[PDB]
Structures are given as C-alpha cells and as structure tokens.
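Student:
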Amino acid sequence: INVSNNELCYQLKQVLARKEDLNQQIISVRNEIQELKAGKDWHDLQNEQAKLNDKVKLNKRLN
Amino acid sequence: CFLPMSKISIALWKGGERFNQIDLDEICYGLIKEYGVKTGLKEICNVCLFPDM
Amino acid sequence: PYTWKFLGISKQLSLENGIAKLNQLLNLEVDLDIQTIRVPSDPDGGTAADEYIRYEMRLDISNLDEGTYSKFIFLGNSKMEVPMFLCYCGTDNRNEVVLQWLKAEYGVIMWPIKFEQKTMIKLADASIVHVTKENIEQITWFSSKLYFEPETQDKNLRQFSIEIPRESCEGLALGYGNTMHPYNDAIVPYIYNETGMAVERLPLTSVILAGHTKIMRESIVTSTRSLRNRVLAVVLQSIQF
Amino acid sequence: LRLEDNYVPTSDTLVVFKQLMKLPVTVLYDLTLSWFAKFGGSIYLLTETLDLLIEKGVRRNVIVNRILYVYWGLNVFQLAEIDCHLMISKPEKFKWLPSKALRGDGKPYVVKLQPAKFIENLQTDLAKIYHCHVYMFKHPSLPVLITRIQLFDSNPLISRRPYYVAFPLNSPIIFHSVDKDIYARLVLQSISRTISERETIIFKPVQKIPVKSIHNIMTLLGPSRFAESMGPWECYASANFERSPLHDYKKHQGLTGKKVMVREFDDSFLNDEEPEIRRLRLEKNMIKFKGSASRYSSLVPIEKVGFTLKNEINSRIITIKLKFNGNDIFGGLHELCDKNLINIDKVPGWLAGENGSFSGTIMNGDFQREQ
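Residue numbers (the UniProt record's numbering), protein chains in the order written: chain Y, 195 to 257; chain S, 314 to 366; chain V, 2 to 242; chain W, 5 to 46, 51 to 80, 83 to 165, 193 to 309, 317 to 337, 374 to 451.
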C-alpha cells in the first residue's frame with residue numbers, strides 16, 4: 195500500500211499535468227474558432243459571394 | 314422616421330398591356346442599387362429602348 | 002562603469018615637485034605625464050585661452066579589479082579665475098589619502114562641483130566630438146535618452162524622459178547645417194519648437210547616451226577609463242565666475 | 005458541477021475578519037439581514057437582537073465576531091457580496107483595463123445585455139471546463155454592471198484570485214481586471230462566446246496600460262460626453278459656454294465680451317509683477333490644460385503615457401520618444417507650466433491632455449493610438 199501510494203501520487207501528478215495541457219489546448223482551439231469565424235477575410239468573401247449572386251440574378255432576369 | 318421619404322418605382326407597357334411588376338421592381342431596385350440614381354435611370358431607359366442590346 | 006566624481010582646486014600648482022613626498026607617504030610609484038593639450042586644434046582658436054596642461058596621475062598597479070583602479074585626471078590654465086581642478090574615480094582608500102596630501106602639502110581649497118543644466122548640455126555636446134589623428138573632428142552619434150525628475154504637488158508628475166534615436170539625431174544634425182555644436186543649436190531648439198519644453202530650465206537629472214556615457218548632476222559615468230579633452234575643457238570653463 | 009450559493013469553500017477565517025473589518029456598521033447590518041433572509045443559521053426574533061445592538065453604539069469588532077460566529083468561511087455568495095461591497099467602498103485599490111467589442115466587418119457592437127439570462131448562460135459555459143461561480147450586481151452610482159467571476163481548483194477546493202469584468206450599460210467597450218494567466222483568457226473568451234447568441238463577437242483590446250479606478254475608466258472610455266474630448270476640448274463636453282436659443286440675448290458672450298490677453302508669436306520666451321496679467325496668465329494655463337476655470377489635478381488621473389513624434393523635415397523621418405510617469409501626468413504638467421517653465425504658446429494638443437490615457441504615435445500632425 196505504501197509503494198502503490200507513491201506510484202499513484204506520481205501518476206496523479208502526471209495526470210494533472212496532462213489536464214492542464216488539455217485545458218490550454220481547448221482554450222487555443224476555441225480561440226482559433228472564434229478568430230476564424232469572425233475574421234475580416236470571411237466577411238469579405240461573404241459580401242463578395244452575395245454580390246456575385248445578386249449580379250447573376252440581375253443578369254439572368256435582364257437577359 | 315420624420316423626414317420626407319421618397320419612393321421610386323417604374324412601370325412598362327408593350328402597347329398591348331402592362332408587364333409584370335415583381336420582375337420590373339426587382340430589376341429597377343438592383344439597377345439603382347448597382348449604378349445609382351442619375352446613372353441608373355439612364356441605364357433603365359437604355360434597356361427599355363433595346364434597339365441593339 | 003567608472004563613476005567620475007569631480008572636485009575643485011583653488012590655486013594653480015605644478016605637480017612635478019612634491020610627488021616624492023606622496024611616494025614616501027604611499028610606498029608606491031605613480032607616473033605623471035605632462036600633456037600640454039589644446040582644444041579644437043583647428044586654427045579658429047587664436048592659440049590663446051585654448052590650451053591646458055593635463056596631469057594624468059595614473060596608478061600602474063595590478064589591474065585585476067576596476068573599483069580599486071583610480072586615475073586622477075587634472076587640468077589647468079594660467080589665465081582664468083579658478084585655474085585648476087581634478088576628477089577621481091574608484092572606491093580606494095588611496096583617493097582619501099591623496100586628497101589628504103593635497104590638502105596638507107600645497108595648502109589648497111577643495112570642494113565638490115555641482116552641475117548646471119546648460120553645463121550638462123555642453124557636456125553632452127562635447128562627449129561625442131571625437132578627435133582623430135588627422136587633425137579634424139569627426140562626430141559619432143548615439144541614441145540619447147534625456148531624463149527629468151521634477152517635484153510637483155502630491156507627486157503628480159514623478160519623472161519623464163525624452164529619448165531620441167541615432168538616425169533622427171543624425172538627421173537633425175545634417176538638417177541644421179555644418180557646426181561643431183549639435184546639442185545646443187539643433188536638438189534643443191527642435192524640442193522647444195515641437196514640444197515647448199525648454200530643457201534649459203526643466204530639472205535635468207541624467208543626460209544618458211546609448212551606453213557610451215551617462216552624464217549626471219553630481220558625477221559622470223563612462224564605459225572607458227579615459228576622458229576626452231573637450232569634456233574637461235567644458236567642465237573647467239563651467240566653474241568660472 | 006456549477007457551484008451554487010449554498011456551497012461553502014475552505015478559506016482562512018482571519019483574512020475574512022480583516023476584510024469585514026474594513027466596512028461600516030450599517031452595511032454589516034444589511035448583510036446580516038440579507039444573509040439571514042436567504043440562508044439563515046443559528051425570523052424576525054433574531055433581528056431585534058442586532059437592532060438593539062446597533063442602537064447601543066457597539067464597536068465593529070463585536071458585530072464582526074457576531075457575523076463570523078453565528079455562521080461558522084461563510085459561503086461563496088457571502089464572500090462575493092463582501093468583496094463586491096469592498097469594491098464599492100474603496101475603488102482606488104483595483105486596476106481596470108479596457109477592451110472593445112468588434113464583430114463582422116469591424117463595426118462596433120453594443121452589448122445591450124440583460125442580467126437575468128446572461129448569468130446562467132455564462133455559468134453553464136464555464137462549468138464544462140472548471141469549477142466556477144459568478145455574481146453580478148449593479149453599481150449604485152454609476153450606470154455599469156460589475157460581474158465577479160471566481161474560480162477554484164482541487165489541491193478541498195483551493196480558491197483562485199477573483200476576476201472582475203465590468204459591463205457598461207450601452208457601450209461596446211468592456212473593462213476587465215488586469216491579469217494575463219490562462220484563467221483570465223478563459224473567462225474573457227467564455228464571455229465573448231456567451232454574450233453574442235446571434236452573431237459572433239471578438240474582444241480586441243484597445244489599451245495595454247491599466248488605469249486605476251472605475252469612475253476614471255467610466256469617464257474616459259464609457260458612455261459619456263467626456264469620452265473623446267478629454268483635454269482642452271473639455272468645454273464642449275459640458276457646454277458651459279453657450280446657452281439655448283430660447284435664452285436671453287442680454288447675457289450672451291457675443292454681447293458681454295470676454296476679457297482676453299494678446300498672445301505673443303515672436304520667440305520672446307527664452308529671455309527671462318502686474319497681478320491682473322498674472323491672473324490672466326494663470327487663466328490662460330487653466331484654459332489650455334483644462335476647461336474654463374486640488375486646483376491642479378485634472379478630471380481623470382492618468383498613470384502612464386508614452387508618446388512618439390514622427391515629424392518630417394527635408395524628407396528625413398525624425399522620431400523622438402516621449403515617456404511619462406507618476407500619479408497624474410497632465411496635472412503635474414500644468415503645474416510645471418504654471419511655474420513658467422514650459423512656453424504654453426508652443427504646447428501641442430496631444431501633450432496638453434487630449435486623447436487621455438492613449439499612448440500612440442503621431443505621423444504628420446494627427447494623433448493615432450497604438451495596438
């Protein structure tokens with residue numbers, strides 16, 4: 195019980211270190227998601243796609 | 314709002330009868346949106362001429 | 002890291018005599034070269050009230066430590082009101098015993114020198130004028146960092162600094178024109194023109210250059226041991242009446 | 005695992021004693037009444057006991073022993091109330107840091123949040139990561155919302198430093214307490230995710246230097262008339278110079294005329317009695333560094385400011401880098417000008433105090449902030 199308690203203490207320290215690393219990874223991934231979903235390039239391509247759809251609709255109906 | 318707002322609409326006639334209003338409203342809305350007011354009306358009378366294109 | 006403290010000297014004296022008494026009191030040997038140097042060796046000086054006699058009293062000892070290494074750079078002129086002064090570095094006891102000998106033997110009056118603002122401006126002007134062997138003055142540049150430390154009500158404005166980079170300093174110097182005084186004819190009128198802060202009346206504390214020197218109000222900290230001729234010329238010119 | 009108010013943490017009792025000793029007696033009475041109405045422990053029968061205690065003029069020590077030894083930490087909600095009332099009482103201890111709220115193209119987004127449904131959403135977003143507890147109240151004087159976000163850890194539960202996020206009522210600028218650990222980024226990112234609910238919001242920080250009080254940061258960057266003028270334009274943020282068009286014309290500045298002093302434009306400052321002219325000179329300095337008319377401190381005390389002046393003479397970019405420090409910068413600058421050390425004819429607008437607490441460069445005569 196004594197030697198397994200020391201072993202479990204070392205393994206629990208390793209598990210807590212991996213938990214802190216997964217916390218940092220979760221924060222980085224969600225920050226990349228929130229920076230990509232509201233970036234300037236996304237809104238620019240969204241506006242250009244809307245303008246192209248409106249232009250092809252106007253050109254089709256004018257023809 | 315309380316400022317005097319204006320309204321712009323167009324209507325066509327082929328001699329026989331009036332055209333549909335939804336497509337003409339969409340076309341004049343898109344043409345004013347894309348060109349302007351002083352330029353969009355010249356384009357819409359040029360496209361209602363339609364002698365060449 | 003050689004902090005040069007400054008002291009004054011009342012009466013004009015020669016140093017070739019009495020040095021053996023310092024050797025007998027000290028049991029060491031020191032070399033005292035007699036350099037009859039002259040500021041702006043360019044011929045627009047008239048060769049009058051431009052020369053000085055420098056006595057670099059070195060201590061040729063083991064140089065394993067710099068804090069115990071202490072030079073004694075002197076200056077003199079037989080035409081001004083206060084003729085001579087000295088400046089010492091280091092933290093040796095030999096500085097105390099040699100100021101004891103200087104107070105005891107020749108019978109002179111010593112006092113520390115406090116700095117003005119225009120004196121610090123002229124020292125920052127003179128500490129960059131480099132002398133070459135080809136009888137001309139080439140001017141290096143340094144990213145100077147000025148400093149201020151005023152006292153206001155409730156300590157409102159504690160301390161504030163004006164930092165000028167090197168290329169900007171060279172641009173102001175080349176845009177002002179060709180002169181041997183940049184820091185009193187170009188930069189200070191530029192700071193007065195663009196900020197309104199006259200640095201002659203504001204309380205200066207540390208005109209600091211880019212790791213080269215550090216001019217203060219009570220001392221001068223440098224990186225090399227030697228001090229230039231124009232620097233001591235400006236200091237000796239400043240303490241006149 | 006989102007902790008409710010009935011959970012009690014494990015903290016030292018003497019530090020709660022030290023905190024609760026920094027409060028007056030009537031707020032302690034209100035706290036005891038509210039805690040006994042919500043939680044209780046050891051109806052109106054025990055209320056008259058404190059009503060008779062405060063009528064006798066007792067000290068704060070016996071009543072703080074009463075509150076710490078009829079509940080024996084109290085709970086997480088009681089600690090949040092204690093710390094938030096301590097924030098209300100002494101505002102000079104904290105340090106705020108502003109951050110804008112952008113969305114989409116770059117147009118700012120007003121938050122317009124409601125205190126009810128936002129709290130459970132923030133808690134159910136934070137509880138999927140750590141143990142958390144939030145608490146949100148309204149400031150009694152200023153129209154802001156202060157939210158206290160507290161986090162925990164497991165070696193029972195070791196507490197963390199409480200993180201504050203201050204929402205103004207109708208502004209796209211959100212203040213948070215100055216921290217840089219991963220918990221601060223987690224809380225700010227979680228708020229940026231849960232405040233949106235329709236379209237995504239990001240929090241680009243507008244400043245890097247912290248500022249002291251909440252009144253100061255509210256007057257600087259909240260919803261206010263002083264939000265941009267802040268300097269020699271402080272007269273336009275209070276309109277003390279003009280009246281309404283329905284006012285009298287006999288008491289008008291066009292008809293009465295203001296006493297002025299002839300300026301000097303030649304270089305007549307570097308070559309250096318009449319107390320009316322002295323009073324007009326002090327009035328001129330008061331005009332330039334402030335509004336119209374203690375006595376040196378400005379409206380807002382600014383801690384740290386670093387300028388940069390990039391002029392251009394004969395196609396040479398000549399930069400200088402001013403830096404400042406101290407308690408109130410522009411007040412001390414007005415004091416230094418008041419002693420006739422700075423020529424006020426050549427003090428530019430950015431040095432005078434406008435765009436306060438903004439440390440940015442200058443490229444050809446127009447200020448712009450730094451990221």
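Don't be surprised by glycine CBs; every beta carbon is placed ideally from N, CA and C.
1) Which first and last residues belong to the beta strand (DSSP E) in which residue 1 of chain V is found?
2) According to DSSP, is V:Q25 part of a helix, a strand, or is it coil?
3) Should W:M146 be labelled buried (16 or more other beta-carbon atoms within 10 Å of its own) or exposed?
4) Listed in chain order, which residues of the segment 204-219 of chain Y have Cβ atoms closer than 8 angstroms to some Cβ of chain W?
5) What distance in whole Å lies between the Cβ atoms of V:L203 and V:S145, which are believed to be in contact at a cut-off of 8 angstroms?
6) Alpha carbon to alpha carbon, how far is S:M318 from S:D338?
7) If you measure from the beta carbon of Y:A244 to each beta carbon in chain W, is any gap under 8 angstroms?
8) With contact counted as at least three CB pairs below 8 angstroms, one residue from each stretch, are the segment 156-163 of chain V and the segment 405-413 of chain W in contact?
9) If you measure between the beta carbons of V:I114 and V:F242, is that distance less than 8 angstroms?
10) Can you tell which of V:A49, V:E201, V:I10, V:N28 has its C-alpha closest to the C-alpha of V:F73?
11) Restricting to Cα atoms, I'd like to know which of W:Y273, W:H289, W:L258, W:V121 is closest to W:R235.
12) Throw me the rounded Cβ distance for the V:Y3 and V:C88 pair, which I believe falls under 8 angstroms.
13) Assign W:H289 to buried or exposed, taking buried as 16 or more other Cβ atoms, counted over all protein chains shown, within 10 Å of its Cβ.
14) With DSSP as the reference, label V:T92 as helix, strand or coil.
15) Which word fits W:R300, buried or exposed, when buried means at least 16 other C-beta atoms lie within 10 angstroms of its C-beta?
16) Starting from W:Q226, find everything on chain Y with Cβ-Cβ shorter than 8 angstroms and list it in chain order.
17) Could you name the residues of the same chain whose beta carbon sits closer than 6 angstroms to that of V:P183, not counting the 5 residues immediately before and after it, in chain order?
18) For a contact meaning CB atoms closer than 9 angstroms, what does S:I340 contact in chain Y?
19) Distance cutoff 8 angstroms, beta carbons only. Does Y:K249 sit that close to anything in chain W?
20) Who are W:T388's beta bridge partners in DSSP?
21) Cβ of W:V248 less than 8 angstroms from any chain V Cβ?
22) List, in order along the chain, the chain V residues whose C-beta lies closer than 7 angstroms to that of W:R396?
23) Which complete beta strand (DSSP E) runs does the segment 14-88 of chain V hold, if anything under 3 residues is left out?
24) Tell me which residues of the segment 329-361 of chain S have at least one Cβ-Cβ distance to chain Y shorter than 9 angstroms, keeping chain order.
25) Measure the alpha-carbon distance for V:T141 versus V:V83 and round it to whole angstroms.
26) Compare the C-beta of W:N407 against all C-beta atoms of chain V and say whether one is closer than 8 angstroms.
27) Could you check which residue in W:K117, W:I254, W:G83, W:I246 has the C-alpha nearest to that of W:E102?
28) Sort out for me which residues DSSP pairs W:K117 with in a bridge.
29) What is the rounded straight-line gap between the Cα of V:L237 and the Cα of W:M267?
30) On the CB-based measure, 16 or more other CB atoms within 10 Å of its CB, does Y:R212 come out buried or exposed?
31) Threshold first: 4 residues or longer. Then list the alpha helix (DSSP H) segments lying entirely within the segment 206-238 of chain W, N to C.
32) Of all the options W:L136, W:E130, W:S336, W:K110, which has the alpha carbon lying nearest to the alpha carbon of W:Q451?
33) Nearest by alpha-carbon distance to V:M181: which of V:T37, V:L27, V:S42 is it?
34) In its own chain, which residues sit with a C-beta less than 6 angstroms from the C-beta of W:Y220, not counting the 5 before and 5 after it?
35) Hey, how far is the Cα of Y:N217 from the Cα of W:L37?
36) Mind checking whether W:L194 and W:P428 have CB atoms under 8 angstroms apart?
Tutor: So, to answer that:
1) There is no way to answer for residue 1 of chain V, as the model of chain V reaches only from 2 to 242.
2) Here residue 25 of chain V refers to the residue found at position 24 when the third sequence is read from its first residue. Residue state, collapsed to three classes: helix.
3) If you number the fourth sequence from 1, residue 146 of chain W lands on position 136. Residue environment: W:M146 is assigned as buried (16 or more neighbouring CB atoms within 10 Å of its CB, all protein chains considered).
4) Going along the segment 204-219 of chain Y in chain order, one finds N217, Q218 with a Cβ nearer than 8 angstroms to chain W.
5) Residue 145 of chain V sits at position 144 when you count from the first residue of the third sequence. Residue 203 of chain V sits at position 202 when you count from the first residue of the third sequence. About 15 angstroms separates the two Cβ atoms, so there is no contact after all.
6) Locating residue 318 of chain S in the second sequence gives position 5, counting from the first residue. Locating residue 338 of chain S in the second sequence gives position 25, counting from the first residue. Approximately 18 angstroms, taken between the alpha carbons.
7) One-based indexing of the first sequence puts residue 244 of chain Y at position 50. Not one chain W Cβ lies under 8 angstroms of Y:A244.
8) Segments in contact, yes.
9) As a working note, residue 114 of chain V is residue 113 in the third sequence. As a working note, residue 242 of chain V is residue 241 in the third sequence. No, these two residues do not count as a Cβ contact at 8 angstroms.
10) As a working note, residue 73 of chain V is residue 72 in the third sequence. For V:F73, the nearest C-alpha among the options comes from V:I10.
11) Walking along the fourth sequence from the start, residue 235 of chain W turns up at place 198. From the listed residues W:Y273, W:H289, W:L258, W:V121, the smallest Cα separation to W:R235 is found for W:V121.
12) Here residue 3 of chain V corresponds to residue number 2 of the third sequence, with the count starting at 1. Here residue 88 of chain V corresponds to residue number 87 of the third sequence, with the count starting at 1. About 11 angstroms separates the Cβ atoms of V:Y3 and V:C88, ruling out a contact at the 8 angstroms cut-off.
13) Along the fourth sequence, one-based indexing puts residue 289 of chain W at 252. Exposed, since its Cβ has fewer than 16 Cβ neighbours within 10 Å.
14) Counted from its first residue, the third sequence places residue 92 of chain V at position 91. Secondary structure at V:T92: coil, using DSSP grouped into helix, strand and coil.
15) By one-based count along the fourth sequence, residue 300 of chain W stands at place 263. Burial check for W:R300: the Cβ neighbour count within 10 Å stays below 16, so the residue is exposed.
16) Start at 1 with the first residue of the fourth sequence, and residue 226 of chain W comes out as number 189. By Cβ distance, chain Y contributes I221, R224, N225, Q228.
17) Residue numbering aside, residue 183 of chain V sits at position 182 when the third sequence is read from its first letter. Excluding sequence neighbours, V:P183 sits near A174.
18) As a position in the second sequence, residue 340 of chain S is number 27, starting the count at 1. Within chain Y, the residues near S:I340 are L252, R255, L256.
19) Position 55 of the first sequence, counting from 1, holds the residue named residue 249 of chain Y. Interface criterion not met: the Cβ of Y:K249 is under 8 angstroms from no Cβ in chain W.
20) Within the fourth sequence, the letter at position 308 stands for residue 388 of chain W. Per DSSP, W:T441.
21) Taking the fourth sequence and counting its residues from 1, one reaches residue 248 of chain W at position 211. With respect to chain V, the C-beta atom of W:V248 has no partner C-beta closer than 8 angstroms.
22) The residue given as residue 396 of chain W occupies position 316 in the fourth sequence. Those within 7 angstroms of W:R396 in chain V are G172, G176.
23) Counting only runs of 3+ residues, the beta strand (DSSP E) found wholly inside the segment 14-88 of chain V occupies 33-36, 55-58, 73-76, in chain order.
24) Correct list: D336, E339, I340, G343, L344, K346, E347, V360.
25) In the third sequence, residue 141 of chain V corresponds to position 140, counting from 1. In the third sequence, residue 83 of chain V corresponds to position 82, counting from 1. Roughly 32 angstroms separates the two Cα atoms.
26) Here residue 407 of chain W refers to the residue found at position 327 when the fourth sequence is read from its first residue. At least one chain V Cβ lies under 8 angstroms of W:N407.
27) Here the question's residue 102 of chain W lines up with position 92 in the fourth sequence. When only C-alpha atoms are compared, the closest one is W:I254.
28) Stepping through the fourth sequence from its first residue, residue 117 of chain W is reached at position 107. W:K117 is bridged by DSSP to W:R113.
29) Here residue 237 of chain V corresponds to residue number 236 of the third sequence, with the count starting at 1. Here residue 267 of chain W corresponds to residue number 230 of the fourth sequence, with the count starting at 1. Roughly 49 angstroms separates the two Cα atoms.
30) For the purposes of this step, residue 212 of chain Y is taken as residue 18 along the first sequence, with counting starting at 1. Exposed is the call here.
31) Those alpha helix (DSSP H) runs which fall completely within the segment 206-238 of chain W and span 4+ residues are 219-231.
32) Walking along the fourth sequence from the start, residue 451 of chain W turns up at place 371. Cα-wise, what sits closest to W:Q451 is W:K110.
33) As a working note, residue 181 of chain V is residue 180 in the third sequence. Of all alpha-carbon atoms in V:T37, V:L27, V:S42, the one lying nearest the alpha-carbon of V:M181 is that of V:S42.
34) For this step, residue 220 of chain W is matched to residue 183 along the fourth sequence. Cβ-Cβ distances below 6 angstroms link W:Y220 to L161 in the same chain, with the five nearest sequence neighbours on each side left out; the list follows chain order.
35) Within the first sequence, the letter at position 23 stands for residue 217 of chain Y. Within the fourth sequence, the letter at position 33 stands for residue 37 of chain W. Rounded to whole angstroms, the gap between the alpha carbons of Y:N217 and W:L37 is 41 angstroms.
36) Here residue 194 of chain W refers to the residue found at position 157 when the fourth sequence is read from its first residue. Here residue 428 of chain W refers to the residue found at position 348 when the fourth sequence is read from its first residue. Result no, Cβ atoms of W:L194 and W:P428 do not sit closer than 8 angstroms.
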